[PDB]
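Working notes, structure below.
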Amino acid sequence: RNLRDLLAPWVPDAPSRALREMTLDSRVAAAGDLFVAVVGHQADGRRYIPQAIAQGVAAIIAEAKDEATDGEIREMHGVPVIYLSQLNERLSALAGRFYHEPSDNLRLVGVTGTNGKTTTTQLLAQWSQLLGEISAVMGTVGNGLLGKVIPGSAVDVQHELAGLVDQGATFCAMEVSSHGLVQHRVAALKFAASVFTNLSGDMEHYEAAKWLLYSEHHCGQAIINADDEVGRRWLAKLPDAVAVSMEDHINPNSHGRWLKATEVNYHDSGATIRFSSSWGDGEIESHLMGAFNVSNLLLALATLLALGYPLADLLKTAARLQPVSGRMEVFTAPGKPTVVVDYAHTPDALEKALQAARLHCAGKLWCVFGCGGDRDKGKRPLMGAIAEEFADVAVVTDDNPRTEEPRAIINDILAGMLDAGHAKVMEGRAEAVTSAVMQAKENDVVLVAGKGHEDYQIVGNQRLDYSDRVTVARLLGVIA
Ligand SMILES: *[Se]c1ccccc1C(=O)Nc1ccccc1
């Protein structure tokens with residue numbers, strides 16, 4: 001890494017200087033580093049130029065605004081300081097060149113939208129790896145190669161993608177928030193494809209701001225959920241975008257690329273998805289639960305078909321796709337009730353989990369749950385009301401009561417119900433889960449909500465060893 005080579009596209013005849021790491025933070029700027037002095041909200045990195053110089057940085061790139069002309073080369077204590085206009089917008093490009101353009105050295109797929117970014121990125125990474133990629137994710141669960149995901153500026157994004165390239169990643173599925181795009185954190189990334197899941201005078205400015213940003217980015221092939229009203233607005237302006245539907249929103253008059261589920265059977269162990277597309281037709285056995293996860297799966301499928309993965313190979317590997325751990329994770333055993341373990345610990349997440357479980361449920365829907373102690377009590381009656389409405393049998397139990405009287409939490413939950421007397425209450429959580437699993441019929445579904453993969457139960461100050469997944473697996477005679 002050399003300052004002169006790094007700046008060649010923008011500053012001819014910048015000085016020759018070996019560089020170590022690139023940093024926005026004067027505090028971690030070490031000998032041989034490139035310090036980048038940016039203006040943010042209130043913060044001005046140009047204040048820290050003397051400190052960075054004293055810590056032995058090789059060179060500094062600084063915001064030009066009010067200070068210097070674009071491309072102006074100064075020399076301070078023998079350290080080159082080069083000024084650039086609009087440094088915040090150009091940070092992604094500068095870091096991309098610093099880190100040897102990692103988005104040109106693997107297949108990068110971005111996913112944006114309110115919901116389904118995590119699931120859709122995990123399905124892209126899993127499916128591509130099943131077809132022979134070495135796949136990675138960058139998202140809210142963290143970054144890394146599949147199975148080794150460890151829990152953020154334009155530089156950090158480029159640096160982390162470069163670290164995955166260095167680890168041998170050939171495919172990366174990246175969550176991209178609306179806020180991420182606006183703050184120029186992915187401005188210079190070359191996406192092979194980008195995915196739109198959903199959105200949940202004003203409408204004119206919003207569209208105009210997003211169209212402007214999009215026109216500036218390198219998003220590759222567009223894959224868009226045509227069941228979303230805003231998604232259809234976007235498709236109307238993007239004739240080469242792939243339209244994806246499970247609710248009959250493909251308009252075949254367009255002669256564009258498309259994929260649509262013609263039939264979905266939600267059964268006790270997942271979903272049978274029959275689909276047609278401009279690549280051909282097929283039947284997928286998904287091990288994921290609910291309508292939203294059909295959509296997320298169809299977006300991943302359309303994306304990988306669009307990038308040229310063969311339909312026959314995608315169909316052959318679909319049954320190996322796994323749920324995101326602790327997210328609508330289904331446990332079935334021969335002639336036992338279906339059990340779903342989900343992390344839902346809010347009124348909205350619990351209602352969505354119950355509505356998703358209900359589709360797979362021929363019999364009674366059971367809901368085992370509780371609420372955290374020594375935290376906001378507001379959600380408790382609202383979660384009671386949700387369990388009473390959207391489940392057939394509500395089993396109210398403990399979930400991390402901490403130092404609060406466990407029964408007091410249960411009382412606050414029951415107070416939200418029309419008929420508290422209809423609720424079942426059982427303390428010990430292990431006991432309550434057992435009661436549901438052992439009483440439920442073969443065609444029932446038991447939702448165990450609130451913990452997902454969070455394998456402890458906090459009682460007083462003790463983090464007790466406890467897993468919903470292990471409890472359920474042992475009762476069903478299967479392996480968590
Ligand atoms: Se641009 C980009 C880059 C990464 C991830 C997502 C996007 C994006 O905005 N994609 C998109 C939005 C709406 C319609 C099609 C595609």
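Identifiers for the structure tokens are assigned positionally: chains receive A, B, ... in sequence, residues are indexed from 1 per chain, and ligands are indexed from 1 in the order shown.
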List as a PDB file with N, CA and C atoms, in the first residue's frame the protein and nucleic acid residues lying within 8 Å of ligand 1, with only C-alpha atoms and all ligand atoms counted.
ATOM      1  N   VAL A 109     -23.631  -9.753  -2.885  1.00  0.00           N
ATOM      2  CA  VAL A 109     -25.086  -9.515  -3.049  1.00  0.00           C
ATOM      3  C   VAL A 109     -25.560  -8.718  -1.857  1.00  0.00           C
ATOM      4  N   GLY A 110     -26.183  -7.576  -2.112  1.00  0.00           N
ATOM      5  CA  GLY A 110     -26.725  -6.745  -1.046  1.00  0.00           C
ATOM      6  C   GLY A 110     -28.206  -7.020  -0.885  1.00  0.00           C
ATOM      7  N   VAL A 111     -28.703  -6.984   0.354  1.00  0.00           N
ATOM      8  CA  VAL A 111     -30.165  -7.066   0.639  1.00  0.00           C
ATOM      9  C   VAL A 111     -30.598  -5.862   1.463  1.00  0.00           C
ATOM     10  N   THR A 112     -31.661  -5.191   1.022  1.00  0.00           N
ATOM     11  CA  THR A 112     -32.215  -4.007   1.703  1.00  0.00           C
ATOM     12  C   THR A 112     -33.716  -4.206   1.874  1.00  0.00           C
ATOM     13  N   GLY A 113     -34.307  -3.432   2.786  1.00  0.00           N
ATOM     14  CA  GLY A 113     -35.731  -3.562   3.135  1.00  0.00           C
ATOM     15  C   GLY A 113     -35.912  -3.452   4.632  1.00  0.00           C
ATOM     16  N   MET A 174     -24.625  -9.434   2.041  1.00  0.00           N
ATOM     17  CA  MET A 174     -24.508  -8.256   2.925  1.00  0.00           C
ATOM     18  C   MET A 174     -25.889  -7.623   3.139  1.00  0.00           C
ATOM     19  N   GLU A 175     -26.268  -7.457   4.401  1.00  0.00           N
ATOM     20  CA  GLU A 175     -27.387  -6.583   4.802  1.00  0.00           C
ATOM     21  C   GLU A 175     -26.989  -5.140   4.563  1.00  0.00           C
ATOM     22  N   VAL A 176     -27.832  -4.389   3.878  1.00  0.00           N
ATOM     23  CA  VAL A 176     -27.617  -2.944   3.656  1.00  0.00           C
ATOM     24  C   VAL A 176     -28.856  -2.205   4.147  1.00  0.00           C
ATOM     25  N   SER A 177     -28.743  -1.488   5.258  1.00  0.00           N
ATOM     26  CA  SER A 177     -29.848  -0.657   5.800  1.00  0.00           C
ATOM     27  C   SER A 177     -30.013   0.556   4.897  1.00  0.00           C
ATOM     28  N   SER A 178     -31.223   1.104   4.872  1.00  0.00           N
ATOM     29  CA  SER A 178     -31.562   2.423   4.293  1.00  0.00           C
ATOM     30  C   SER A 178     -30.593   3.493   4.818  1.00  0.00           C
ATOM     31  N   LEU A 181     -27.070   3.191   3.225  1.00  0.00           N
ATOM     32  CA  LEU A 181     -27.037   3.733   1.840  1.00  0.00           C
ATOM     33  C   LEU A 181     -26.899   5.257   1.907  1.00  0.00           C
ATOM     34  N   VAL A 186     -21.685   2.241   1.606  1.00  0.00           N
ATOM     35  CA  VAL A 186     -21.429   1.208   0.555  1.00  0.00           C
ATOM     36  C   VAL A 186     -21.303   1.856  -0.828  1.00  0.00           C
ATOM     37  N   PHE A 191     -21.814  -4.357  -6.299  1.00  0.00           N
ATOM     38  CA  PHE A 191     -22.743  -5.476  -6.026  1.00  0.00           C
ATOM     39  C   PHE A 191     -23.011  -6.224  -7.322  1.00  0.00           C
ATOM     40  N   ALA A 193     -25.539  -8.189  -7.429  1.00  0.00           N
ATOM     41  CA  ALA A 193     -27.013  -8.096  -7.354  1.00  0.00           C
ATOM     42  C   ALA A 193     -27.413  -7.452  -6.039  1.00  0.00           C
ATOM     43  N   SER A 194     -28.593  -6.862  -6.058  1.00  0.00           N
ATOM     44  CA  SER A 194     -29.213  -6.281  -4.870  1.00  0.00           C
ATOM     45  C   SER A 194     -30.682  -6.715  -4.830  1.00  0.00           C
ATOM     46  N   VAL A 195     -31.179  -6.861  -3.617  1.00  0.00           N
ATOM     47  CA  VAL A 195     -32.481  -7.458  -3.313  1.00  0.00           C
ATOM     48  C   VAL A 195     -33.278  -6.436  -2.501  1.00  0.00           C
ATOM     49  N   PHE A 196     -34.531  -6.237  -2.867  1.00  0.00           N
ATOM     50  CA  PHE A 196     -35.515  -5.420  -2.123  1.00  0.00           C
ATOM     51  C   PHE A 196     -36.561  -6.363  -1.539  1.00  0.00           C
ATOM     52  N   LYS A 210     -34.295   8.486  -2.926  1.00  0.00           N
ATOM     53  CA  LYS A 210     -33.875   7.059  -3.103  1.00  0.00           C
ATOM     54  C   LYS A 210     -33.455   6.808  -4.553  1.00  0.00           C
ATOM     55  N   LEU A 213     -29.923   8.417  -5.019  1.00  0.00           N
ATOM     56  CA  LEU A 213     -28.908   7.542  -4.359  1.00  0.00           C
ATOM     57  C   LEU A 213     -28.660   6.315  -5.241  1.00  0.00           C
ATOM     58  N   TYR A 214     -29.736   5.651  -5.677  1.00  0.00           N
ATOM     59  CA  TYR A 214     -29.651   4.401  -6.486  1.00  0.00           C
ATOM     60  C   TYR A 214     -28.874   4.668  -7.778  1.00  0.00           C
ATOM     61  N   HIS A 217     -25.165   4.443  -7.301  1.00  0.00           N
ATOM     62  CA  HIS A 217     -24.570   3.207  -6.734  1.00  0.00           C
ATOM     63  C   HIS A 217     -24.369   2.164  -7.840  1.00  0.00           C
ATOM     64  N   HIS A 218     -23.607   1.124  -7.548  1.00  0.00           N
ATOM     65  CA  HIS A 218     -23.285   0.048  -8.517  1.00  0.00           C
ATOM     66  C   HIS A 218     -23.966  -1.211  -7.977  1.00  0.00           C
ATOM     67  N   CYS A 219     -25.272  -1.375  -8.217  1.00  0.00           N
ATOM     68  CA  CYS A 219     -26.131  -2.382  -7.517  1.00  0.00           C
ATOM     69  C   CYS A 219     -26.326  -3.653  -8.323  1.00  0.00           C
ATOM     70  N   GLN A 221     -27.609  -6.552 -10.746  1.00  0.00           N
ATOM     71  CA  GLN A 221     -28.996  -6.988 -11.029  1.00  0.00           C
ATOM     72  C   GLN A 221     -29.916  -6.708  -9.841  1.00  0.00           C
ATOM     73  N   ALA A 222     -31.065  -6.134 -10.143  1.00  0.00           N
ATOM     74  CA  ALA A 222     -32.150  -5.809  -9.197  1.00  0.00           C
ATOM     75  C   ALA A 222     -33.098  -7.004  -9.076  1.00  0.00           C
ATOM     76  N   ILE A 223     -33.316  -7.477  -7.839  1.00  0.00           N
ATOM     77  CA  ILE A 223     -34.335  -8.503  -7.515  1.00  0.00           C
ATOM     78  C   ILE A 223     -35.305  -7.877  -6.509  1.00  0.00           C
ATOM     79  N   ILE A 224     -36.580  -7.812  -6.871  1.00  0.00           N
ATOM     80  CA  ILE A 224     -37.585  -6.996  -6.149  1.00  0.00           C
ATOM     81  C   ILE A 224     -38.832  -7.815  -5.833  1.00  0.00           C
ATOM     82  N   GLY A 231     -42.245  -1.890  -3.818  1.00  0.00           N
ATOM     83  CA  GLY A 231     -41.541  -2.759  -4.769  1.00  0.00           C
ATOM     84  C   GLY A 231     -42.092  -2.657  -6.181  1.00  0.00           C
ATOM     85  N   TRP A 234     -41.009   0.551  -7.859  1.00  0.00           N
ATOM     86  CA  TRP A 234     -39.596   0.415  -8.316  1.00  0.00           C
ATOM     87  C   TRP A 234     -39.549  -0.404  -9.601  1.00  0.00           C
ATOM     88  N   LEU A 235     -40.253  -1.543  -9.642  1.00  0.00           N
ATOM     89  CA  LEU A 235     -40.267  -2.427 -10.843  1.00  0.00           C
ATOM     90  C   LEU A 235     -40.767  -1.661 -12.073  1.00  0.00           C
ATOM     91  N   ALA A 241     -35.103  -5.522 -13.980  1.00  0.00           N
ATOM     92  CA  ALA A 241     -35.268  -6.050 -12.600  1.00  0.00           C
ATOM     93  C   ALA A 241     -36.024  -7.370 -12.685  1.00  0.00           C
TER      94      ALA A 241
END
Go through range 106-149 of chain A residue by residue and, counting only C-alpha atoms, keep those with an atom at most 12 Å from range 325-339 of chain A; for each kept residue give the shortest atom pair and its distance in Å to one decimal, ordered by chain and increasing number, as JSON lines.
{"residue": "A:116", "atom": "CA", "partner": "A:327", "partner_atom": "CA", "distance": 11.4}
{"residue": "A:118", "atom": "CA", "partner": "A:327", "partner_atom": "CA", "distance": 10.4}
{"residue": "A:119", "atom": "CA", "partner": "A:327", "partner_atom": "CA", "distance": 8.9}
{"residue": "A:122", "atom": "CA", "partner": "A:325", "partner_atom": "CA", "distance": 10.4}
{"residue": "A:141", "atom": "CA", "partner": "A:325", "partner_atom": "CA", "distance": 10.5}
{"residue": "A:147", "atom": "CA", "partner": "A:325", "partner_atom": "CA", "distance": 10.8}
Export of prior selection with C-alpha atoms as a PDB file, in the first residue's frame:
ATOM      1  CA  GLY A 116     -36.147 -10.246   5.946  1.00  0.00           C
ATOM      2  CA  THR A 118     -31.064 -11.337   7.881  1.00  0.00           C
ATOM      3  CA  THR A 119     -32.958 -14.398   6.645  1.00  0.00           C
ATOM      4  CA  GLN A 122     -28.335 -16.245   5.314  1.00  0.00           C
ATOM      5  CA  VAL A 141     -25.785 -11.113  13.565  1.00  0.00           C
ATOM      6  CA  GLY A 147     -20.782 -20.884  10.723  1.00  0.00           C
TER       7      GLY A 147
END
Leaving out range 41-49 of chain A and any residue of its chain fewer than 6 positions from it, which residues lie within 8 Å of it when counting only C-alpha atoms, given as a list in words?
->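 Here the answer would be residues 24, 25, 26, 60, 62 and 63 of chain A.
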Just to be explicit: take each residue in the selection above, keep N, CA and C atoms, and write the result as a PDB file, in the first residue's frame.
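As written to disk, out_21.pdb reads:
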ATOM      1  N   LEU A  24      -9.959   6.264  10.625  1.00  0.00           N
ATOM      2  CA  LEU A  24     -10.693   7.536  10.862  1.00  0.00           C
ATOM      3  C   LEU A  24     -10.436   8.048  12.294  1.00  0.00           C
ATOM      4  N   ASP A  25      -9.849   7.222  13.141  1.00  0.00           N
ATOM      5  CA  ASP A  25      -9.731   7.486  14.599  1.00  0.00           C
ATOM      6  C   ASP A  25      -8.279   7.854  14.964  1.00  0.00           C
ATOM      7  N   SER A  26      -8.007   9.116  15.306  1.00  0.00           N
ATOM      8  CA  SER A  26      -6.632   9.550  15.690  1.00  0.00           C
ATOM      9  C   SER A  26      -6.085   8.714  16.865  1.00  0.00           C
ATOM     10  N   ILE A  60      -1.713  11.663   5.841  1.00  0.00           N
ATOM     11  CA  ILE A  60      -3.059  12.126   6.258  1.00  0.00           C
ATOM     12  C   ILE A  60      -3.805  12.550   5.004  1.00  0.00           C
ATOM     13  N   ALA A  62      -7.378  14.636   4.345  1.00  0.00           N
ATOM     14  CA  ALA A  62      -8.235  15.539   5.136  1.00  0.00           C
ATOM     15  C   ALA A  62      -9.346  16.160   4.291  1.00  0.00           C
ATOM     16  N   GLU A  63     -10.477  16.447   4.931  1.00  0.00           N
ATOM     17  CA  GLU A  63     -11.576  17.253   4.330  1.00  0.00           C
ATOM     18  C   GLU A  63     -11.009  18.617   3.935  1.00  0.00           C
TER      19      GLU A  63
END
Name all residues at most 9 Å from residue 383 in chain A (count only C-alpha atoms; drop same-chain ones fewer than 5 positions away) and give them as a PyMOL selection string.
-> chain A and resi 345-348+350-351+369-371+388+413+416-417
Interatomic distance, CA of residue 289 in chain A to CA of residue 270 in chain A (Å, one decimal) |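 Straight-line distance from CA of residue 289 in chain A to CA of residue 270 in chain A works out to 5.3 Å.
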Residue contacts of range 75-92 of chain A (6 Å, only C-alpha atoms) excluding same-chain residues fewer than 5 positions away, as JSON, numbers by chain | {"A": [59, 60, 61, 62, 63, 64, 70, 154, 184, 187, 188]}
Nearest candidate to residue 422 in chain A (options A:396, A:357, A:324, A:50; using only C-alpha atoms) |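 When distances to residue 422 in chain A are compared using only C-alpha atoms, the smallest one comes from A:396.
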Running DSSP on the backbone, which parts of range 267-448 of chain A land in strand (DSSP E), as number ranges by chain?
-> A: 267, 270-277, 282-286, 329-331, 338-342, 365-369, 393-396, 424-425, 445-448
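Of the residues under consideration (A:51, A:115, A:254, A:16), A:115 shows the shortest atom-to-atom contact distance to residue 293 in chain A when counting only C-alpha atoms.
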Would you mind writing down, as a ChimeraX atom specification, each residue of range 380-458 of chain A that DSSP on the backbone assigns to helix (DSSP H, G or I)?
-> /A:380-390,406-415,420-422,429-439
Next, write the just-selected residues to a file, as a PDB file, in the first residue's frame, keeping C-alpha atoms as the atom set.
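Contents of again.pdb, freshly written:
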ATOM      1  CA  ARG A 380     -46.472  -7.752  29.462  1.00  0.00           C
ATOM      2  CA  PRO A 381     -50.278  -7.203  29.151  1.00  0.00           C
ATOM      3  CA  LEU A 382     -49.883  -6.609  25.346  1.00  0.00           C
ATOM      4  CA  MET A 383     -48.105 -10.010  24.974  1.00  0.00           C
ATOM      5  CA  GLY A 384     -50.848 -11.634  27.118  1.00  0.00           C
ATOM      6  CA  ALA A 385     -53.561 -10.115  24.841  1.00  0.00           C
ATOM      7  CA  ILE A 386     -51.598 -11.381  21.723  1.00  0.00           C
ATOM      8  CA  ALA A 387     -51.201 -14.959  23.087  1.00  0.00           C
ATOM      9  CA  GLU A 388     -54.944 -15.104  24.034  1.00  0.00           C
ATOM     10  CA  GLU A 389     -55.994 -13.789  20.563  1.00  0.00           C
ATOM     11  CA  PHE A 390     -53.598 -15.682  18.169  1.00  0.00           C
ATOM     12  CA  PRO A 406     -41.609 -14.376  39.032  1.00  0.00           C
ATOM     13  CA  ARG A 407     -45.408 -14.660  39.676  1.00  0.00           C
ATOM     14  CA  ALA A 408     -45.728 -10.772  39.641  1.00  0.00           C
ATOM     15  CA  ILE A 409     -44.563 -10.830  35.955  1.00  0.00           C
ATOM     16  CA  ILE A 410     -47.077 -13.613  35.132  1.00  0.00           C
ATOM     17  CA  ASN A 411     -49.829 -11.497  36.857  1.00  0.00           C
ATOM     18  CA  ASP A 412     -48.958  -8.450  34.631  1.00  0.00           C
ATOM     19  CA  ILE A 413     -49.200 -10.740  31.525  1.00  0.00           C
ATOM     20  CA  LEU A 414     -52.610 -12.227  32.626  1.00  0.00           C
ATOM     21  CA  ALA A 415     -54.000  -8.710  33.384  1.00  0.00           C
ATOM     22  CA  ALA A 420     -57.024 -14.769  32.341  1.00  0.00           C
ATOM     23  CA  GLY A 421     -58.802 -17.924  33.703  1.00  0.00           C
ATOM     24  CA  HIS A 422     -58.428 -19.462  30.164  1.00  0.00           C
ATOM     25  CA  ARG A 429     -39.972 -22.780  32.266  1.00  0.00           C
ATOM     26  CA  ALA A 430     -38.638 -26.333  31.591  1.00  0.00           C
ATOM     27  CA  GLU A 431     -41.866 -27.667  33.264  1.00  0.00           C
ATOM     28  CA  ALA A 432     -44.176 -25.361  31.237  1.00  0.00           C
ATOM     29  CA  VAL A 433     -42.482 -26.341  27.940  1.00  0.00           C
ATOM     30  CA  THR A 434     -42.825 -30.049  28.922  1.00  0.00           C
ATOM     31  CA  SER A 435     -46.522 -29.579  29.851  1.00  0.00           C
ATOM     32  CA  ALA A 436     -47.254 -28.128  26.349  1.00  0.00           C
ATOM     33  CA  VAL A 437     -45.160 -30.695  24.417  1.00  0.00           C
ATOM     34  CA  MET A 438     -46.500 -33.685  26.405  1.00  0.00           C
ATOM     35  CA  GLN A 439     -50.214 -32.626  26.278  1.00  0.00           C
TER      36      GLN A 439
END
Which residue out of A:37, A:294, A:300, A:53 has the minimum interatomic distance to residue 128 in chain A when only C-alpha atoms are used?
->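 Looking at the shortest contact to residue 128 in chain A, the residue is A:300.
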Nearest candidate to residue 299 in chain A (options A:124, A:447, A:470, A:208; using only C-alpha atoms) =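 Nearest candidate to residue 299 in chain A out of A:124, A:447, A:470, A:208: A:124.
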